[PDB]
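K.L.:
I have a structure here, written as structure tokens, and I will follow up with some questions on it.
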Amino acid sequence: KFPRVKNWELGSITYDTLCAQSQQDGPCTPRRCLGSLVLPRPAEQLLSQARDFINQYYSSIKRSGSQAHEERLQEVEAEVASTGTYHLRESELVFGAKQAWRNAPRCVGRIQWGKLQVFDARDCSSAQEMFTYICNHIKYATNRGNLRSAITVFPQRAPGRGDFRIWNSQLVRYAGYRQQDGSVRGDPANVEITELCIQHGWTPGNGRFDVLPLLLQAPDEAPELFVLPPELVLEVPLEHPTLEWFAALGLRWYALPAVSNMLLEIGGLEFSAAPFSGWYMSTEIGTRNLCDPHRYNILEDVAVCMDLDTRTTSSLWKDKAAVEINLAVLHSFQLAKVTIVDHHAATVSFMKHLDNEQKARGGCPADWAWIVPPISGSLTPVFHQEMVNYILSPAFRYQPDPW
Amino acid sequence: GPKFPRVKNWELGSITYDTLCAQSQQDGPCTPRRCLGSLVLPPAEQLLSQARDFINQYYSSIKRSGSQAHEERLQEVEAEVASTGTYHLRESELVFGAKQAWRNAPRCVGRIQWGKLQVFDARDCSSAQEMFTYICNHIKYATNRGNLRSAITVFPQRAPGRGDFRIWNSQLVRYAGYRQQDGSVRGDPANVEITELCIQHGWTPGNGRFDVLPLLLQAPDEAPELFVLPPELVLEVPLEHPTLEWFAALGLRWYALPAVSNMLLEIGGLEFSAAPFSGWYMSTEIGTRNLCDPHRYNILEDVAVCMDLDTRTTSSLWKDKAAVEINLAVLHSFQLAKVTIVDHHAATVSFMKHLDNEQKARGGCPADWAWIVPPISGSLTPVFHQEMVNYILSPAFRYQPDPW
Ligand code: HEM
Ligand code: HEM
Ligand SMILES: CNCCN(C)c1cc(F)cc(CCc2cc(C)cc(N)n2)c1
Ligand SMILES: CNCCN(C)c1cc(F)cc(CCc2cc(C)cc(N)n2)c1
Ligand SMILES: CNCCN(C)c1cc(F)cc(CCc2cc(C)cc(N)n2)c1
Ligand SMILES: C[C@H](O)[C@H](O)[C@H]1CNc2nc(N)[nH]c(=O)c2N1
Ligand SMILES: C[C@H](O)[C@H](O)[C@H]1CNc2nc(N)[nH]c(=O)c2N1
Ligand SMILES: [Zn+2]
């Protein structure tokens, strides 16, 4: 049996047959659905994931079952048989990274999946070197406001030894300073990484938008501190197209969303440092990062400037302030010529992606709770679209924090 | 930690474990290999175990579990089943079961109110005309001149070898949907089919955007029959906006009483195929889904044009700004008309209080995140940041096939 998938706005029906290729088990059983949880709770098998991945690569280039195809499967068998592991060709790595993005059920930006610059950094042997590669990535990805998707791939995990790791969850993060009295100055999401930085010797500031240094770690070594050169870190002050006092709030955000704590798995190999970046969807900044209660939490302050009736929920002051904040983000990014996409444009392009994927592959793994944006859900088309969530490889996965 | 689902609140950092899911006898649509949580829709000795189960639940609820009364009720149930193949619920069993079915409904955000539910027994009903008197009575009590009270009326259970009692309409109040020559719809496109059924059974149609439909009511093994609700029983609220003076000119309105009439109520294996129940609205149901879905009244562009927004580019957020104002108009006009309504901020806050009560009372609460989170301003409400475990418990409200 294959899932019947319905869109309730159009009345149309598809069948997901792609999920039959699912590698791994998710959190759900017939007795209870755990879909809304954010986090999850040797050689024969590395070999089979390797074979499987190599079969996909050769299929992708239509040279499947050919000479090169069997010689490569032989290489993999011969390398695993004597070292217990193997290595990807650079073009196999490029294919894997793009497929890992393609497969990410929670990503709304997947229409872009084929366009991704891949920097091979597997020849790194120190924290210093990683920092070199990280500066290259940021300078490349930012491209003065004209953002380009990219991923840098540091050396794979190895049975012996500790992992290459970037300790920060993103390459650009604002410090969060826990005050005497429990309040937080800056981004509350970053209190622990901020504390790690200081303790590994960083001199802190006391702003709300102090860009953190990076903690980079080469195997079985103490991590090292590196400051990003400020001219590499593009930022957009926030203002509103009609509310003149908004700029006064002194709010801002960085251009480049570069996730750096996830693990990339391709054909059994695991890449524990492989930072990747695209461009922001404006609700991530306008709704979540600035309005979440446990993040910068600015709703009430804006509502008061707007001079709204804060005393009651039913004046919808929250809803109103949130819309002006998102509009400020969009306006400000467009003004500064920095790539951003609104939640309506993004979800329309994601619907076109579902359709492309339906033809290309027979389905598309999608996580409905993550795909529908955090404001105006049912005003976007994805809300009315049933989706099927499941795990395909290559994949991005969570991994434990290295400390 | 323990061997049950760990549940996290990401805003507050707190953790619970759901042990209630262990009580689930019925499976849902998910498996280890894929999640189907976002899909809208996924006996003999068999009756006996559902019955025995429900009777145990009843005796626990009255703290008389294991008692001689408890064991005599079980034998009473097996006696009756054994000789007729079915059995009857005591009155208090039916009240308990109705409340528990609402308590159990994973998609309902209003469950903080579950113990406060007025249950009309109409298990004696025996004609379509009589079902109509009960329904009028329900609408009268439940509306209460604007001060809405939750209620369910329960009609006779399925019975082996006799047809069912059915209310054909999906709600007791529904606006007509008239299919046009040009292929569009006047009124509510959700009601096209029921509207066409009503006409085919002899209703003379209107041609307004808000024509109240008649009810089609079917007694056992009979063609359904048509009943027009007297207009003074159907309370309606004209929509205006607190500051946008022109909003009233749009002539939009909504009824006071949300009453669902097509779900099956299942209690200890018995099936109440007609058991309409009503509460009060949460404002986003009307202001966001009913008035702004593309496939419903679809008014967002009309309202944004009147507000003079730039509807030619997504990035002006015209949709979000118009939806906010339509929601504000629904809240303001209900308040003004003194008709009970609840906004999505108050409703979700209260539902978090419900989760905390149920966590202490039963060790968890089955809940369907995609339906509990409201269709605007999702992450500005606390439910967005609450993980939720979804499973089926009984007594239950269930979907059932349409009778035609
Ligand atoms: C091109 C512009 C892109 C946009 C607008 C975009 C949008 C998003 C958004 C909004 C999320 C949810 C983020 C959150 O709520 O925390 C997300 C998740 C994700 N995206 Fe993207 N994305 C883009 C590019 C990329 C790229 C280049 C990759 C990797 C090569 C990627 C992989 C992911 C993954 C793995 C997730 C899931 C994160 C998790 O499980 O926590 N995306 N995307
Ligand atoms: C008292 C005020 C109540 C409020 C505010 C309320 C709120 C809601 C909302 C917003 C929904 C989701 C509707 C949708 O978008 O389709 C819903 C679903 C539901 N509520 Fe309520 N509810 C209330 C009372 C009741 C009562 C009195 C019952 C039954 C005794 C009930 C049983 C249900 C059920 C069974 C569902 C979902 C069934 C489904 O669509 O699959 N609720 N509730
Ligand atoms: C709190 N969520 C988990 C943190 N995390 C590991 C994360 C992962 C992502 F893929 C994406 C994001 C959001 C950042 C992002 C990343 C990318 C590549 C594009 C984009 N528009 N936004 C966070
Ligand atoms: C409100 N509905 C009835 C209350 N109730 C559970 C009950 C009533 C009886 F008269 C007798 C019994 C005992 C079982 C039994 C036995 C027989 C022969 C018939 C019948 N209707 N019921 C239960
Ligand atoms: C896909 N399902 C839509 C139709 N349907 C069967 C339905 C069922 C409900 F319980 C509730 C609703 C929503 C109406 C409602 C019903 C009640 C009792 C209270 C309230 N605020 N709102 C619809
Ligand atoms: C508990 C809940 O699943 C959690 O808050 C999720 C919901 N959906 C989300 N969707 C996106 N895009 N990002 C998120 O962080 C979350 N958070
Ligand atoms: C496809 C998707 O599951 C469907 O549109 C759901 C989503 N969430 C919902 N939530 C509520 N309260 N009501 C609904 O009708 C829906 N529809
Ligand atoms: Zn599931």
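K.L.:
Does the stretch A:36-52 contain any residue that is out of contact with any helix residue (DSSP H, G or I) (no Cβ under 7 Å at 6 or more places or on another chain), within 16 Å of ligand 7 (Cβ to nearest atom) and not aromatic (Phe, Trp, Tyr)?
P.N.:
No, because not a single residue in the stretch A:36-52 is out of contact with any helix residue (DSSP H, G or I) (no Cβ under 7 Å at 6 or more places or on another chain), within 16 Å of ligand 7 (Cβ to nearest atom) and not aromatic (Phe, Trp, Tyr).
K.L.:
Oh, and also: Are there any pairs, at least 6 apart or on different chains, whose C-beta atoms fall under 6 Å, with the first in the stretch B:39-66 and over 29 Å from residue B:369 (Cβ atoms) and the second within 16 Å of ligand 2 (Cβ to nearest atom), and if so, which?
P.N.:
Here the result reads B:58/B:96, each pair linking the stretch B:39-66 to a residue that is within 16 Å of ligand 2 (Cβ to nearest atom).
K.L.:
Any idea which residue in the stretch A:99-115 is surrounded by the fewest Cβ atoms within 10 Å (Cβ to Cβ), counting only those that are near ligand 1 (Cβ under 8 Å from one of its atoms) and not in a loop (DSSP other than H, G, I, E, B)?
P.N.:
A:112
K.L.:
Could we say that residue A:293 is within 19 Å of the chain's Cα centre (by Cα) and not in a helix (DSSP H, G or I) here?
P.N.:
So residue A:293 fails the test.
K.L.:
Let me ask something else about it. Filter the stretch A:12-21 for residues that are facing chain B (nearest Cβ under 8 Å) and surrounded by fewer than 17 Cβ atoms within 10 Å (Cβ to Cβ) and give the result.
P.N.:
None; the set is empty.
K.L.:
Okay, next question. Is at least one residue of the stretch B:111-125 within 16 Å of ligand 6 (Cβ to nearest atom) and closer than 30 Å to residue B:355 by Cβ?
P.N.:
No; the residues of the stretch B:111-125 include none that is within 16 Å of ligand 6 (Cβ to nearest atom) and closer than 30 Å to residue B:355 by Cβ.
K.L.:
Go over the candidates A:357, A:324, A:386 one by one and state the one that is away from ligand 3 (no atom under 16 Å from the Cβ) and either β-branched (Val, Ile, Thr) or more than 24 Å from the chain's Cα centre (by Cα) (or both).
P.N.:
A:324
K.L.:
Scan (1) within 16 Å of ligand 1 (Cβ to nearest atom); (2) within 14 Å of chain B (Cβ to nearest Cβ) for the single condition residue A:253 breaks and write down its number.
P.N.:
Against the list (1) within 16 Å of ligand 1 (Cβ to nearest atom); (2) within 14 Å of chain B (Cβ to nearest Cβ), residue A:253 comes up short only on (2).
K.L.:
For the stretch B:206-263, give me every one of the strands (runs of 3 or more DSSP E) that falls completely inside it and has 2 or more residues that are surrounded by fewer than 20 Cβ atoms within 10 Å (Cβ to Cβ).
P.N.:
The strands (runs of 3 or more DSSP E) meeting that bar are B:225-227, B:236-238.
K.L.:
Name the residue that is farthest from residue A:6 (Cα to Cα), counting only residues in the stretch B:32-43 that are facing chain A (nearest Cβ under 7 Å) and surrounded by fewer than 17 Cβ atoms within 10 Å (Cβ to Cβ).
P.N.:
B:32
K.L.:
Is it the case that some residue within the stretch B:279-286 is away from chain A (no Cβ under 12 Å) and part of a helix (DSSP H, G or I)?
P.N.:
Yes, the stretch B:279-286 contains at least one residue that is away from chain A (no Cβ under 12 Å) and part of a helix (DSSP H, G or I).
K.L.:
Any residue in the stretch B:67-75 that is closer than 27 Å to residue B:23 by Cβ, surrounded by 13 or more Cβ atoms within 10 Å (Cβ to Cβ), more than 16 Å from ligand 2 (Cβ to nearest atom) and among the hydroxyl-bearing types (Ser, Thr, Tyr)?
P.N.:
no
K.L.:
Now for a different question. Which ones in the stretch A:354-368 are crowded, with 21+ Cβ neighbours inside 10 Å and away from ligand 2 (no atom under 16 Å from the Cβ)?
P.N.:
A:354, A:363, A:364, A:365, A:366, A:367
K.L.:
Moving on. Condition first: more than 15 Å from ligand 2 (Cβ to nearest atom) and at the interface with another protein chain (Cβ under 7 Å from one of its Cβ atoms). Now tell me which residues in the stretch B:385-404 satisfy that.
P.N.:
Correct list: B:387, B:389.
K.L.:
Out of everything in the stretch A:1-56 that is part of a strand (DSSP E or B) and within 16 Å of ligand 2 (Cβ to nearest atom), what residue ends up being farthest from the chain's Cα centre (by Cα)?
P.N.:
Restricting to residues being part of a strand (DSSP E or B) and within 16 Å of ligand 2 (Cβ to nearest atom), the top hit is A:6.
K.L.:
Residue by residue through the stretch A:264-278, note down the ones that are in contact with a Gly (Cβ under 8 Å, 6 or more places away or on another chain) and not in a loop (DSSP other than H, G, I, E, B).
P.N.:
If the condition is that a residue be in contact with a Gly (Cβ under 8 Å, 6 or more places away or on another chain) and not in a loop (DSSP other than H, G, I, E, B), then A:264, A:266 are the ones that fit.
K.L.:
At negative phi, more than 16 Å from ligand 8 (Cβ to nearest atom), crowded, with 23+ Cβ neighbours inside 10 Å and over 22 Å from the mean Cα position of the chain (by Cα): is that true of residue A:309 in this structure?
P.N.:
Answer is no for this residue.
K.L.:
Here is a follow-up. Do you know which residues across the stretch B:153-164 are outside any strand (DSSP E or B), crowded, with 19+ Cβ neighbours inside 10 Å and in contact with a strand residue (DSSP E or B) (Cβ under 7 Å, 6 or more places away or on another chain)?
P.N.:
Within the stretch B:153-164, B:155, B:157 qualify.
K.L.:
Condition check: acidic (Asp, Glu) and within 12 Å of another protein chain (Cβ to nearest Cβ). Does residue A:300 satisfy that?
P.N.:
yes
K.L.:
Inspect all residues belonging to the stretch A:60-82 and state whether any of them is of a type outside the set (A, V, I, L, M, F, W, C) and in contact with a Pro (Cβ under 9 Å, 6 or more places away or on another chain).
P.N.:
No, there is no match, as no residue in the stretch A:60-82 is of a type outside the set (A, V, I, L, M, F, W, C) and in contact with a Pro (Cβ under 9 Å, 6 or more places away or on another chain).
K.L.:
Scan the stretch B:129-152 residue by residue and report those that are assigned to a helix (DSSP H, G or I) and crowded, with 22+ Cβ neighbours inside 10 Å.
P.N.:
B:131, B:135, B:138, B:139, B:142, B:143
Please note: Cβ atoms are built from the backbone with ideal geometry, for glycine as well, and neighbour counts cover all protein chains shown. Computed from the coordinates by the stated procedures, all read-outs in this text should not be read as laboratory data.
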